[PDB]
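A single chain, nothing else alongside it, follows as structure tokens in the form deposited in one PDB entry.
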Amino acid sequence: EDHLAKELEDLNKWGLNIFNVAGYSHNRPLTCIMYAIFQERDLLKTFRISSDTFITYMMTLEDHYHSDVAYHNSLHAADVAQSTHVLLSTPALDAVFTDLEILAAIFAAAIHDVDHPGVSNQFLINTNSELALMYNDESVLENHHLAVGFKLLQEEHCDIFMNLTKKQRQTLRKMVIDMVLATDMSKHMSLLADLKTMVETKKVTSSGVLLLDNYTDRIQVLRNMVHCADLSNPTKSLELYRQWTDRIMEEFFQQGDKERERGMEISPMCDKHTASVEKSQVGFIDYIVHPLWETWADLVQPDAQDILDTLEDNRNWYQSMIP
């Protein structure tokens, strides 16, 4: 309608408000934004992806995210895809990525938490869940998110990559898997350390554009870009960041309830009777989000200085909300 179109004017911008697009799209944010992103990039024409086939795949995919989960629903997927779309345009990365790589990073973002149950890998591992048994306690949710996303591409009416070459399907699949598995927070530190090393040896053209030699370097940046997009909520406007905070805290607190019922040890940050929503965000920004975005800012300087200023401002707002 007229409201959705106005909101989509900010499709290529960090200030896009995904909750508004959700309200104006019959509550199908992921389908909406994926279609918008794909048209915007000429990806359908480039990969001969049929419009019908693409829409059907996206609606089914959206349907497999759970609507009764506070945070890990289709809104978050849609947020990570849209933010990955903006990050792919950073001036410092101009013309560095093939269209297959661009295609893989946005697809990875869309499917990256599909069928999320609203509990963490640790919880699934400690309750001897079927998912943890299937996956041997290693990146349990992430392996599953990839398995569901690639499973939906198997049926004929839903295979959006059919017109890619065999070689292209193969290379995309390797990159996608790499990206979703990189969203597993137990790998954050190794990822952050490896990204710092890549900044140290950073090489550019006269145009202030990054020089990535081989595949290894390009996928290292995409891995990190998707991970930053996933941990991007504290970098968005404060009003958006606070909506995301309430949604994740709700999900974490419902996990502390499930744990207390089962008589398990309550995880302190998931404990609604003891944890501060305000301290949780400061600690999250100081030890995880800032160190990551600071390093990303260095890689693409000064393209992300605004995001970093906003992050610092949001961190200080949460700090002031602690007495």
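We call the rigid core whatever largest set of C-alpha positions still superposes within 1.5 Å between the two forms. Numbers for residues come from their place in the sequence shown, where the first is 1.
Beyond the structure shown, there is the form deposited in another entry, which is absent from this document and is the topic of what follows.
**Q** Tell me, with the core superposed, which single residue in 46, 267, 50, 60 has its C-alpha moved by at least 2 Å between this form and the one not shown.
**A** Comparing the C-alpha positions, the one residue that moves 2 Å or more is 267.
**Q** Compared with this form, is the residue 269-residue 231 Cα separation smaller or larger in that other deposited form, the difference being 3 Å or more?
**A** Farther is correct, given that in that other deposited form the C-alpha spacing of residue 269 to residue 231 is increased by at least 3 Å.
**Q** Check residue 136 against residue 266 at the C-alpha atoms and report closer or farther in that other deposited form, compared with the shown form; the change is 3 Å or more.
**A** Compared with this form, residue 136 and residue 266 lie closer in that other deposited form.
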